[PDB]
Amino acid sequence: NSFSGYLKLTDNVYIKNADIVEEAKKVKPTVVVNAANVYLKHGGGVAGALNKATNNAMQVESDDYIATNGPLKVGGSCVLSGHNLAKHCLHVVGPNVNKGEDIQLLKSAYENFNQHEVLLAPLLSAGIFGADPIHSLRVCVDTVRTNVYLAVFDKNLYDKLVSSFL
Ligand SMILES: CC(C)[C@H](Nc1ncnc2[nH]ccc12)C1=[SH]CCC1
């Protein structure tokens with residue numbers, strides 16, 4: 001968990017302008033969080049980038065999990081292997097607000113982080129799911145109580161988050 005170059009926002013939330021895949025390769029954290037969907041189909045965004053970096057081993061494992069357990073609920077999670085990127089991957093489903101899913105489920109999504117002492121994570125629901133990224137960071141800060149290191153792969157968005165926060 002050798003995180004470097006983060007800015008501490010609160011007692012337990014840190015943030016960096018970085019690709020989460022590059023962070024995972026350098027740090028080999030105990031847990032990396034995936035911004036997943038309910039069927040664990042890693043087609044784009046953070047999910048597609050993490051899966052590509054495992055050479056599709058994450059997708060093969062996810063398909064087997066879904067066959068045996070069924071889909072996750074919105075706001076839910078499962079713990080699977082982190083493959084070459086981390087000890088574990090915590091797959092978390094935030095609401096797709098562009099498709100009418102309730103934004104209050106973003107609090108339930110972030111609550112899953114509290115089962116792990118230290119996590120490398122992305123900003124939930126901030127991609128194609130359509131939540132305001134600054135609102136997602138506010139819910140993270142007011143929900144997560146364990147130590148989370150947020151990687152945001154966009155310098156313009158990073159600067160807007162840090163200006164709004166501090
Ligand atoms: C908001 C956006 C810049 C961010 N993308 C990323 N954040 C961190 N590492 C990344 N690697 C590849 C994409 C990527 C997302 S997509 C879904 C949730 C958060």
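Both counts, for ligands and for their atoms, begin at 1 and track the order of listing. Residue indices begin at 1 and follow the sequence shown. In what follows, every heavy atom counts, from backbone to side chain, and hydrogens, waters and symmetry copies are set aside.
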In the protein, what heavy atom is nearest to [atom], and what distance, to one decimal place, separates them?
atom	answer
atom 10 (C) of ligand 1	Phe153 CB, 3.6 Å
atom 17 (C) of ligand 1	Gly127 N, 3.7 Å
atom 9 (N) of ligand 1	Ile20 N, 3.0 Å
atom 15 (C) of ligand 1	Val46 CG2, 3.8 Å

Distance-minimising heavy-atom pair for [X] and [Y]:
X	Y	value
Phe129	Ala36	CE2-O, 3.9 Å
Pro122	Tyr110	O-OH, 4.5 Å
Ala109	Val92	O-CG1, 3.4 Å

- Message: Using the salt bridge (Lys or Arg N to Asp or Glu O under 4.0 Å) criterion, which residues pair with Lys8? Sequence neighbours excluded.
- Response: none
- Task: List for me each residue that meets salt bridge (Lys or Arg N to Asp or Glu O under 4.0 Å) alongside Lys28, sequence neighbours excluded, and say none if there are none.
- Result: none
- Query: Just which atoms of ligand 1 are under 4.0 Å from any heavy atom in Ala49?
  - Reply: 12 (C)
- Which of the atoms in ligand 1, numbered in the order shown and given with their element, are less than 4.0 Å from a heavy-atom of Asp19? 9 (N), 10 (C), 11 (N), 12 (C)
- Do ligand 1 and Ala35 have nitrogen or oxygen atoms that lie under 3.5 Å from each other? no
- Item | Contact (N/O only, under 3.5 Å) between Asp154 and ligand 1 | no
- Query: Should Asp159 and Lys155 count as an ion pair when the cut-off is N to O under 4.0 Å?
  - Reply: yes
- Query: Ion pair present between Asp63 and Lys41, side-chain N to carboxylate O less than 4.0 angstrom?
  - Reply: yes
- Query: Taking the non-hydrogen atoms of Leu123, is any one of them nearer than 4.0 angstrom to ligand 1?
  - Reply: yes
- Query: Touching ligand 1 at all, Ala151? Heavy atoms, strictly under 4.0 Å?
  - Reply: yes
- Query: For atom 1 (C) of ligand 1, which candidate among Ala121, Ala24, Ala126 provides the closest heavy atom?
  - Reply: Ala126
- Task: Might you confirm whether atom NZ of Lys16 has over 12 heavy atoms from other residues, nucleotides or ligands at distances under 6.0 Å?
- Result: yes
